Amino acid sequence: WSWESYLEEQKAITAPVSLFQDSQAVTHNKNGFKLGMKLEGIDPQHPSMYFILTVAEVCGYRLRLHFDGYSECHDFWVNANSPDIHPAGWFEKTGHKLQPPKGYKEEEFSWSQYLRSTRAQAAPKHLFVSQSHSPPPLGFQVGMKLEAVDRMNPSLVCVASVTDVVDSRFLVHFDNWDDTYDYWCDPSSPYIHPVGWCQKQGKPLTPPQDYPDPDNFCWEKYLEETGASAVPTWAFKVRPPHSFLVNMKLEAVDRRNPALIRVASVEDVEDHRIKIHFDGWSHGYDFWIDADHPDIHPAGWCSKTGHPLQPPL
């Protein structure tokens, strides 16, 4: 099975490499993560939280991570160039809380101690694209407030705060709702807006959970009472729409089984999202995804990085 003859017979084209970010497309980077290495990372299900993680498996430019002390059924996959993982010691250097391994208390964890107990090796620093050393996203400070789309309920735009800053990105948290709604982004995110936006657009604005009298929510007053500034207007950047077109072919990570990367088609487009369809599978497995998502790649990525590719069914 090859991309070449498959394209021939389908009279199809692949999405050009140029339609992707460099980090989605890059194949010549070696993967230096080795089995048993320990590091720190965000929980995908709790994007504001950081845990002790061990490399459980390495495949191509990808690695499977395991939550030390917890069940293997929580394991997840990231790419070797993910910004959501950090070297041992990072949490305490950059102001982040670390949840310790199951059984430990947060006033009982020490890397040096834990490395002795487990006889384990920390993932070397140089492997991580993200260590909080590069320029911060201009204008966005921890504490500042803005309006953001609830990506879980995307029809809503809500009162939100910047609660974390890590290298070129920041974390958007929805005032007084659970952290499970938080998501990471950057100045160009299509889902974020200055304080005031909902009002200039005619749109209704979703106030923090439990805010007395939602319809008469007042930004100016809420800011004063919470001792907070609004992200300044100039900080927000227009991201241009992606250039993907319906029926372009590519490679995408399987959601229901994330170990696998399948042949894929662009089923439907939006300005910033694409709908993925896995060739020869039922359309019921189709799903939408942002165009900058680390888990879509150009044709040949699997080949060039040495990760198996699932041919169409």
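In case it trips you up, residue 1 is the first one in the sequence shown, and so on. We call the rigid core whatever largest set of C-alpha positions still superposes within 1.5 Å between the two forms.
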What stretch shows more C-alpha movement in 7 other deposited structures of this protein relative to this form, 154 to 162 or 223 to 231, after the core is superposed? 223 to 231
Comparing 267 to 275 with 31 to 39, which stretch shows the greater average C-alpha B-factor in the deposited entry? 267 to 275
Residue range whose averaged C-alpha B-factor is higher in the record, 227 to 235 or 107 to 115: 107 to 115
Identify, among 91, 181, 211, 76, the residue whose C-alpha carries the highest B-factor in the deposited PDB entry. 211
If you check the C-alpha B-factor for each of 262, 256, 66, 249 in the entry, which is highest? 256
Among the modelled residues of its chain, does the C-alpha B-factor of residue 13 lie in the lowest, middle or highest third? highest
Relative to the other modelled residues in the chain, which third contains the C-alpha temperature factor of residue 204: lowest, middle or highest? highest
Rank-wise, by C-alpha B-factor, drop residue 241 into the lowest, middle or highest third of its chain. highest
Lowest, middle or highest third: where is residue 280 by Cα B-factor in its chain? highest
Third assignment of residue 222 from its chain's C-alpha B-factors: middle
